[PDB]
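Asker: Got a structure here, written out as structure tokens. Questions coming.
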Amino acid sequence: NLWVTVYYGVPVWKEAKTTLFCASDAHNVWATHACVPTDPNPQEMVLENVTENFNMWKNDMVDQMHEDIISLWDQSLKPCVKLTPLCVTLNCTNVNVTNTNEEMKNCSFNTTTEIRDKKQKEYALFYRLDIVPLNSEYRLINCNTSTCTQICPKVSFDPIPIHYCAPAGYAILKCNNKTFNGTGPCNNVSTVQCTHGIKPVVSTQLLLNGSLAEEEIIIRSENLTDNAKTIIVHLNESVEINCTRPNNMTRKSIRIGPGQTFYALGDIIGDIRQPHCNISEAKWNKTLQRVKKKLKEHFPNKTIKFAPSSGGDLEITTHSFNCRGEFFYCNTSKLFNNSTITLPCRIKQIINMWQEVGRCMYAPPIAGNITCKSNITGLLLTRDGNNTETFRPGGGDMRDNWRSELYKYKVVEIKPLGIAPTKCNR
Amino acid sequence: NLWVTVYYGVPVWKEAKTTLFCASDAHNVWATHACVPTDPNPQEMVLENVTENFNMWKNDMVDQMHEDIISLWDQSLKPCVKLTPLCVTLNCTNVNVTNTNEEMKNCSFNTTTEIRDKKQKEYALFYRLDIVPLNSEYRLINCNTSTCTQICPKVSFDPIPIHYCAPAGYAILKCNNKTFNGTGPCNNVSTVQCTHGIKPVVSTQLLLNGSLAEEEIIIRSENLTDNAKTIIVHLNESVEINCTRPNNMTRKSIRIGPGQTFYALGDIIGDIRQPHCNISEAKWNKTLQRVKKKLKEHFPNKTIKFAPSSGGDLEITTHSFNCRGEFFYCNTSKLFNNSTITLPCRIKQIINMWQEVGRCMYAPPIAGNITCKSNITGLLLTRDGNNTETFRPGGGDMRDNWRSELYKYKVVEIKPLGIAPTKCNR
Amino acid sequence: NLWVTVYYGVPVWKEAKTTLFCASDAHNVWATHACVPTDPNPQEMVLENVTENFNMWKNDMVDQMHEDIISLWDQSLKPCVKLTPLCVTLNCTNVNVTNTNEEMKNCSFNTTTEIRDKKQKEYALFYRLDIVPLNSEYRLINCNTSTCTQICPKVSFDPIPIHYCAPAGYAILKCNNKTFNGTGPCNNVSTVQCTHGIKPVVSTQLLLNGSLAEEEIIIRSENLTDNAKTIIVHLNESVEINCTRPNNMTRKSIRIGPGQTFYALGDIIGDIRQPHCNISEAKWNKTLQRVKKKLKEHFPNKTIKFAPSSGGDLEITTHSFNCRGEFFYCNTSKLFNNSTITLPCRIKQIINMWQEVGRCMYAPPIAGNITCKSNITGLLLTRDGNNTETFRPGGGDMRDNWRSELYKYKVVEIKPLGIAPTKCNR
Amino acid sequence: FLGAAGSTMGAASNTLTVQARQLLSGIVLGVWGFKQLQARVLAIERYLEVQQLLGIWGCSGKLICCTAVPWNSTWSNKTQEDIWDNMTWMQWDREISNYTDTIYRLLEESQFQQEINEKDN
Amino acid sequence: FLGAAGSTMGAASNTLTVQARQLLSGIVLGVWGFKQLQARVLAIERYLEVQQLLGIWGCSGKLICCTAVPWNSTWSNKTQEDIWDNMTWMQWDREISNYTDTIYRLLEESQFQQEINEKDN
Amino acid sequence: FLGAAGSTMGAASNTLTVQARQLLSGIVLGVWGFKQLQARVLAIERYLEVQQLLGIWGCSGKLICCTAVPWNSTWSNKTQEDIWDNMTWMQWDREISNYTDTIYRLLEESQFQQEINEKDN
Ligand SMILES: *[C@@H]1O[C@H](CO[C@@H]2O[C@H](CO)[C@@H](O)[C@H](O)[C@H]2NC(C)=O)[C@@H](O)[C@H](O)[C@H]1NC(C)=O
Ligand SMILES: *[C@@H]1O[C@H](CO[C@@H]2O[C@H](CO)[C@@H](O)[C@H](O)[C@H]2NC(C)=O)[C@@H](O)[C@H](O)[C@H]1NC(C)=O
Ligand SMILES: *[C@@H]1O[C@H](CO[C@@H]2O[C@H](CO)[C@@H](O)[C@H](O)[C@H]2NC(C)=O)[C@@H](O)[C@H](O)[C@H]1NC(C)=O
Ligand SMILES: *[C@@H]1O[C@H](CO)[C@@H](O)[C@H](O)[C@H]1NC(C)=O
Ligand SMILES: *[C@@H]1O[C@H](CO)[C@@H](O)[C@H](O)[C@H]1NC(C)=O
Ligand SMILES: *[C@@H]1O[C@H](CO)[C@@H](O)[C@H](O)[C@H]1NC(C)=O
Ligand SMILES: *[C@@H]1O[C@H](CO)[C@@H](O)[C@H](O)[C@H]1NC(C)=O
Ligand SMILES: *[C@@H]1O[C@H](CO)[C@@H](O)[C@H](O)[C@H]1NC(C)=O
Ligand SMILES: *[C@@H]1O[C@H](CO)[C@@H](O)[C@H](O)[C@H]1NC(C)=O
Ligand SMILES: *[C@@H]1O[C@H](CO)[C@@H](O)[C@H](O)[C@H]1NC(C)=O
Ligand SMILES: *[C@@H]1O[C@H](CO)[C@@H](O)[C@H](O)[C@H]1NC(C)=O
Ligand SMILES: *[C@@H]1O[C@H](CO)[C@@H](O)[C@H](O)[C@H]1NC(C)=O
Ligand SMILES: *[C@@H]1O[C@H](CO)[C@@H](O)[C@H](O)[C@H]1NC(C)=O
Ligand SMILES: *[C@@H]1O[C@H](CO)[C@@H](O)[C@H](O)[C@H]1NC(C)=O
Ligand SMILES: *[C@@H]1O[C@H](CO)[C@@H](O)[C@H](O)[C@H]1NC(C)=O
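Chains as they are written, first to last, in the authors' numbering: chain G, 35 to 60, 68 to 142, 154 to 187, 191 to 322, 322A, 323 to 353, 355 to 392, 411 to 458, 463 to 503; chain E, 35 to 60, 68 to 142, 154 to 187, 191 to 322, 322A, 323 to 353, 355 to 392, 411 to 458, 463 to 503; chain C, 35 to 60, 68 to 142, 154 to 187, 191 to 322, 322A, 323 to 353, 355 to 392, 411 to 458, 463 to 503; chain D, 522 to 549, 568 to 660; chain B, 522 to 549, 568 to 660; chain A, 522 to 549, 568 to 660.
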């Protein structure tokens, strides 16, 4: 005869959807001074002779991290200077030019500063992407649906990596298979407490400063037959990108409200150039050839063509990214049709980023001569609709940007109570 | 000899005043999406051969629920559009009339919308209960003491039932005696985890959609000798009430603040009628006869008369209630002196409900043709001061409305540690 | 042979930096109705034959209490009436005078009260310490950097004592040596749960209503060789101080902001005197002689001189303190060069107290005839830079005021798990 | 929980399992989150206080327990059969309510004496 | 924790100490404070639920346990040596997962029968 | 708590009941509520950490405990009578503090060996 027996701590792990807590290494927007320090001590535990199913683009951790970075940005942005007084009619005109570049305007308005007293004229520059004409006469673009608060310069929104840990009784299993395509089973799975790397870099159509793939190039997509679901592609090797804004601009510290300081462009000292990105055309051509070869591996020897975006907004049709303080939008039609390739990039100031109804932000200018050197490591492709497949860069949903890093993490709760038979009496 | 002995979990229950947590069944103001789902599973446990003292109108649960519904309303009302810009002088006049109905005015003002720019005239209708004249010239009634925020139409404040549960170690004893009059001892008491029904319906002088009594009619009152303490009467059978606002009104979506939309009455399409409640006069006469018989049972064969309210405010002297989006106030002087009885009801918009200093609310109009069918199940009576007793409908304190449902619930903490003698040595 | 053994609860206490919770005895700013009641039950436990090192002016408790009283003041001050509308140009003039007292002005402005309507003239008095001229024409002093909210009169900011307790596993050791000078070892140390007395009295250069020293006078200072570090001196015996504002002033309840009420000085009924503090000159001379004797005990028979402040702001150079509703600033140059000594004191209204960027407060006037009787029990001295030492009253850092009471408290966590050898086998 | 409370003391002594069982569960963002968080902290604090009281006596982890201390007569002189077959738990506690604290102190010190007697090894 | 999960049932039965150990710690103001506070309340609630489940059975405070109840064959007819040397704990649970609730009810009532048998004193 | 701390090791070994007792209580809405809530979460976490450390050793639920492991001389060569009658617990810890981590690891692995020896059944 046999008797049931209770063991405390057998290795059984249940499903997901619990809460994770931050952990930062040795100010900024996602408060580093508000997470517990990470004991770095890189420690894992390989689970030999196991197998389990990952379902990447349905994961919990992606949703938790996105919904949490929204709650960090929109909470650090709570106490900053608002903008409602700065929405008067703006009497603007063109700026002095020397070479063919319109784009910037020398606007002038009347600002309430000491209440029921003399109001300054207080000229200021504004891009012709932050201005709508109410037909000479103009206004801030986002003063029709939402009023937003300038991100205070004392804090900096450049990304430093975050480490998402799990509380007791919860472990994050990590799949270390090289050729893993997001979903399905995989072998050689380790267990972890705190996730690696994952820098919250916001971008579009070009994952920047992201984690490289290994061995070959992988393709991730909900259903390759479906058209509306996004497509993510990692890169065998990073493609260097070097993007510069070559101007020297002055920062007018102007008053607006008692203890309300607003920072506007003052003047451009020197030549008026265009903001632009640089890519190695030979390297990009090799990368494009390799990735299209990988995708033709996924299709029955079908010829594949690339085309730019169709009709979206400036946040979608362009490689929207965040440099050292400024917000760039680059028309990437050149890449997708020893010699470098140049991308013309327009810089925007009042942006509606994450596409919220009720949110925008004013980005105070940086004092000129800003450069960003980064690595393209990801491609966000979608196809629409004869015997040909056409791929276009495509964004919209920001979650995919987090999905490209957390593709190898799931959260599981431990079930320590196990029951099994043996010869034991009482 | 005997020895004391410790038992873990003897049935002893101590007194009250702990914290309860919500539970909602399968949006609105009292967030349903913020309470844990109720495992419905109606489960109780009758306690045979017990007796205990209930003291209804001193209970904790009533105070907790009222203080909590205030914290829900005044927290869901936090992010809605305020009203300070909409308090300018209003140049109004009368509306077109055809039959004898003053009551509505076609006011006109100057609204700040784009700041330091042209301000619209923007006519809007307003009831002559939301208007005070500062003697042609008028103003919003509640722009002298408090500024309040319109309840955003996307959320709906119609009541759905809430279930108040108890945490571990706390049980809510429920008295199931039919003839229970709120206070005193009662037999056949069960124990519960989560309370039944209890819909947070706000009303006055007429409990609507409330829980019926059983067998006979009961009378509840602090001290029948005292005059200032309220009186509650349940109903043997519900009296149907059918109250209609027979107009078709337009909703002007108007701008006021960047991202600040205010909704005012646009126009009335059709005939101008009066809002009016309907009651079955035969049914009400039978109910009144039965209830006055029950009250004469409580008095030494004393003749009892009913009279309307004396001198209170419009929130007290009238059957103030909340229909599908609108706030009705009905002069119930007809009931208390095959043929129906009609009550003339005036509708109000900016109300100070729960009678707070610092709170009101703007109720955006509903798009016409609204009806509310409900059951009168309670009477709130008070008497004032020869050889006669006169009863009048009377409100003021909103807590009594919750007291009519939670009259059979008390919270008790468990004392599992018991001590008793037996022959046991160590 | 011996074997290690585990004892649960040996007396070992580790270091500090945990969290403490308030406790108030049987409204005001530091909410008494928000701390758990203190079970008074004065209970301690003397630890015979122990010794430990206290390091007073590095303690945790001082920082926690200061950072917490800031979070109480700046949270009770959150819902009060703001001041932005009251910053218009002020057309003022002098007040009627009879004797040589300028100091008060009969200002007049235009207040927005019903929005886009007639604005009152609404004269009000203001001290010539709350006014800056923007050269006839004046403005509120703190309408250039920060807007602040008047402390609502319904709450009173007079201090009542707070009791700082420790949670479980944490005990506050208290050194009862009489001659203890803040730092070093001391004998006869007891253990406590909840601290004694400690009233949060904000002052400068004169600790008021503070705890007396015992036996002799003590000197506390980071490094007597260093000059920038503050110096605290307790008093053998309290020196009585009696400070009066002998005027009868009217409180104009004025509107500004719908539902907002601002309280300004109305008029002075009677004679126009000066606010002035009183001290017993004989008692102060004896106290000064004793304290300088004590300090010469600390120096090699060096002659010591006292001089007033050098060049600080009105919050530093003067005995700034808080009377029954008003804020006094007294030029103490008389004390430091049967007959009383009189201090001329100027009263301020909009103060920047704790010296924050972004904070001030409007103190509504009290209805005349205010007196404060208190005991000087502490001296805040600093020295600067031949063969002489010169001491001056000096503040700036408010933390020192809390350091004068919590000089005999440290927090320690218990380590109940002890290990030791004995003859025990299993 | 609260089962045979109406039954006699002896009858209740046999059905004490349900109260012990249903003590960490039921009968099976300031909207409401803080409310249930505070409730479920109070629940575990109550459970842990019961565990502490059971531990500091000789009944840590036992539903049924016995002690060495026989109580004084002054608290109650009622006969055993009348106590255990005619009376419930509640007004029995009410009878002992004036003496509850003393027995707790008597329990804990009797416990210490038993350990130090067993600690001689 | 999650160690020999890949090893056999018997092999896993020997290395269960780490899961038992690392349950109250790791592998060793609404910004983030509420996040970690809710996390560390959830951790202790999970640990206490495990403690309660062990307590209401006859294994309160034991890593290894035996019971009196022998299970019926319908749940599993696999041989012992195959069971403890061929598969892992997870597939065993998946085979039993349809029956886990029944055994816990069988476990708790078995304890009640055992305690009442031992309660005859 | 912190009673005979000034007395000798042997004297302190007799009055350790108070420290064990007063660990879940005292010596008997962001104004202050969050402060006391965080305090009373920290209290229970500390108590549970002590309980865990006692449980994973052979001392779960015992104020006095003995172990099978004898320590090496290197940590201390002081005589027993001097140790238990001349100094206090704190200076003893300070002497041992450099070795506390090692013994805990030695404690837990010694515990595992004793179970597996007793697990042969
Ligand atoms: C983009 O790629 C680099 C590649 O790593 C660098 O490789 C060079 C040689 O290939 C080596 O000399 C450097 O030490 C490597 N590391 C550096 C430069 O940090 C990645 O390291 C970065 O992700 C990118 N480099 C940037 C952003 O400068
Ligand atoms: C008011 O009373 C009804 C009564 O219940 C209804 O009774 C009729 C016959 O008497 C029966 O046909 C219905 O099924 C019953 N239930 C209904 C109509 O829901 C209560 O049910 C409600 O509280 C009220 N009815 C309303 C508001 O329509
Ligand atoms: C300042 O000192 C008093 C001193 O204490 C008082 O002493 C007198 C006689 O010396 C005695 O009659 C009183 O009862 C004592 N107590 C009082 C007056 O409260 C302190 O008690 C106070 O700290 C101060 N007195 C004040 C502020 O009135
Ligand atoms: C705007 O700028 C133009 C430049 O010609 C100037 O003439 C005009 O007065 C300015 N203001 C307005 C109101 O047009
Ligand atoms: C702003 O102020 C100036 C003062 O010169 C006034 O002329 C102008 O009309 C105002 N608004 C405009 C039109 O810019
Ligand atoms: C990846 O890069 C390596 C580097 O040499 C190359 O050999 C390999 O062919 C590449 N594979 C793909 C799929 O790009
Ligand atoms: C980008 O490339 C162009 C090539 O003509 C070069 O002139 C320019 O300086 C580059 N920008 C950089 C390196 O920022
Ligand atoms: C108000 O309406 C009346 C209607 O006769 C009109 O005459 C008047 O101009 C309007 N405005 C004012 C300021 O009266
Ligand atoms: C509102 O604006 C109109 C513009 O026609 C003006 O005539 C009126 O006086 C302003 N205020 C009043 C009195 O309604
Ligand atoms: C309650 O209603 C029933 C229904 O028939 C009736 O028989 C009874 O008399 C009523 N009692 C009272 C007190 O209304
Ligand atoms: C109310 O009763 C009257 C009776 O004359 C009827 O005309 C009216 O339609 C009723 N209202 C309703 C049913 O909404
Ligand atoms: C200010 O007060 C003076 C007092 O002479 C008066 O003459 C003047 O009109 C007032 N207002 C202004 C704007 O000066
Ligand atoms: C304030 O209003 C008055 C109304 O008489 C006006 O004369 C004055 O100029 C306005 N502002 C000043 C200067 O005080
Ligand atoms: C303290 O006061 C006492 C009171 O008489 C006095 O004897 C002693 O000398 C004083 N000591 C100092 C240092 O002031
Ligand atoms: C302060 O002392 C002076 C001495 O001349 C006296 O006249 C005055 O009344 C005193 N003030 C008080 C007691 O408030």
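All residues carry an ideal CB built from backbone N, CA and C; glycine is no exception.
Can you name the residues of chain D whose CB is closer than 9 Å to the CB of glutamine 543/B?
Answerer: Within the fifth sequence, the letter at position 22 stands for residue 543/B. The contacting residues do not exist; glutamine 543/B stays about 21 Å from chain D at best.
Asker: Going by beta carbon distance, what residues of the same chain come within less than 8 Å of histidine 352/E, once the five residues before and after it are set aside?
Answerer: Here residue 352/E refers to the residue found at position 298 when the second sequence is read from its first residue. Excluding sequence neighbours, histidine 352/E sits near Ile274, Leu279.
Asker: Scan the stretch 588-605 of chain B for residues whose Cβ lies nearer than 8 Å to a Cβ of chain D and list them as they occur along the chain.
Answerer: So the close ones are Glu588, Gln591, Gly594, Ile595, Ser599, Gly600.
Asker: Please check if any C-beta of chain D sits within less than 8 Å of the C-beta of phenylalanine 522/B.
Answerer: Residue mapping note: residue 522/B aligns to position 1 of the fifth sequence, counting from 1. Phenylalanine 522/B does not count as touching chain D.
Asker: Going by the DSSP bridge assignment, what does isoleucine 496/G pair with across the sheet?
Answerer: Taking the first sequence and counting its residues from 1, one reaches residue 496/G at position 419. Answer is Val40/G, bridged to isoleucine 496/G.
Asker: Please indicate yes or no: does the CB of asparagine 264/E lie closer than 7 Å to some heavy atom of ligand 8?
Answerer: Along the second sequence, one-based indexing puts residue 264/E at 209. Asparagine 264/E: no, Cβ never under 7 Å from ligand 8.
Asker: Tell me whether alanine 57/C sits in a helix, a strand or coil according to DSSP, three-state version.
Answerer: For this step, residue 57/C is matched to residue 23 along the third sequence. Strand at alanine 57/C.
Asker: For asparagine 535/D, count the other beta carbons within 10 Å of its own beta carbon; 16 or more makes it buried, fewer makes it exposed. Which is it?
Answerer: Counting from one through the fourth sequence, the residue named residue 535/D turns up at place 14. That one is exposed.
Asker: If we ignore side chains and look at the alpha-carbon of each, how far apart do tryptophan 37/E and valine 608/D end up?
Answerer: For the purposes of this step, residue 37/E is identified with residue 3 of the second sequence, where counting begins at 1. For the purposes of this step, residue 608/D is identified with residue 69 of the fourth sequence, where counting begins at 1. Going by the C-alpha atoms only, they are around 6 Å apart.
Asker: Hey, could you find the ends of the alpha helix (DSSP H) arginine 480/C is sitting in?
Answerer: Within the third sequence, the letter at position 403 stands for residue 480/C. Taken as a continuous stretch (DSSP letters only), the alpha helix (DSSP H) holding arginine 480/C covers 476-480.
Asker: Around ligand 6, what residues have a beta-carbon under 5 Å from a heavy atom of it, in chain order?
Answerer: Listed along the chain, these residues meet the criterion: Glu271/G, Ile272/G, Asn291/G, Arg344/G.
Asker: Just checking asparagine 82/G against ligand 7 - is the residue's beta carbon closer than 7 Å to any of the ligand's heavy atoms?
Answerer: Taking the first sequence and counting its residues from 1, the one referred to as residue 82/G is at position 41. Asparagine 82/G Cβ: outside cutoff for every heavy atom of ligand 7.
Asker: Are the CB atoms of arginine 503/E and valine 103/E nearer to each other than 8 Å?
Answerer: In the second sequence, residue 503/E corresponds to position 426, counting from 1. In the second sequence, residue 103/E corresponds to position 62, counting from 1. Their beta carbons are not under 8 Å apart, which means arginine 503/E does not touch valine 103/E by this criterion.
Asker: Check whether chain E comes within 8 Å of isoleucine 309/C, counting only Cβ atoms and requiring the distance to be less than that.
Answerer: The sequence position of residue 309/C within the third sequence is 254, counting from 1. No - not a single Cβ of chain E is within 8 Å of the one on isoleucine 309/C.
Asker: From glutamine 84/C to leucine 576/A, what distance separates their C-alpha atoms?
Answerer: Counted from its first residue, the third sequence places residue 84/C at position 43. Counted from its first residue, the sixth sequence places residue 576/A at position 37. Cα to Cα, the separation comes out at about 24 Å.
Asker: With a threshold of 8 Å on Cβ separation, who are the neighbours of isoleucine 496/C within its own chain once the five nearest residues in sequence on each side are excluded?
Answerer: Taking the first residue of the third sequence as 1, we reach residue 496/C at position 419. Closer than 8 Å at Cβ, skipping near neighbours: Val38, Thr39, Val40, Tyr41.
Asker: Mapping the DSSP letters down to three states, classify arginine 310/C as helix, strand or coil.
Answerer: Numbered from 1 along the third sequence, position 255 holds the residue referred to as residue 310/C. Three-state DSSP puts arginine 310/C in a strand.
Asker: Using alpha carbons as the reference points, say which of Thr387/C, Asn35/C, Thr139/C, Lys350/C lies closest to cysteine 331/C.
Answerer: By 1-based counting over the third sequence, the position of residue 331/C is 277. Measuring from the Cα of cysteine 331/C, the nearest candidate turns out to be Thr387/C.
Asker: For a quick check, are the C-beta atoms of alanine 526/A and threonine 627/A less than 8 Å apart?
Answerer: Against the sixth sequence, residue 526/A aligns to sequence position 5. Against the sixth sequence, residue 627/A aligns to sequence position 88. It is a contact, given that the beta carbons lie within the stated cut-off.
Asker: Please check if any C-beta of chain C sits within less than 8 Å of the C-beta of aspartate 659/A.
Answerer: Position 120 of the sixth sequence, counted from the first residue, corresponds to residue 659/A. No - not a single Cβ of chain C is within 8 Å of the one on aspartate 659/A.
Asker: Indicate whether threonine 163/E and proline 208/E have their beta-carbon atoms separated by less than 8 Å.
Answerer: For the purposes of this step, residue 163/E is identified with residue 111 of the second sequence, where counting begins at 1. For the purposes of this step, residue 208/E is identified with residue 153 of the second sequence, where counting begins at 1. Cβ atoms of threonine 163/E and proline 208/E: not closer than 8 Å.
Asker: Return the CA-CA distance between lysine 337/C and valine 294/C, expressed in angstroms with no decimal places.
Answerer: As a working note, residue 337/C is residue 283 in the third sequence. As a working note, residue 294/C is residue 239 in the third sequence. Whole-angstrom Cα-Cα distance: 7 Å.
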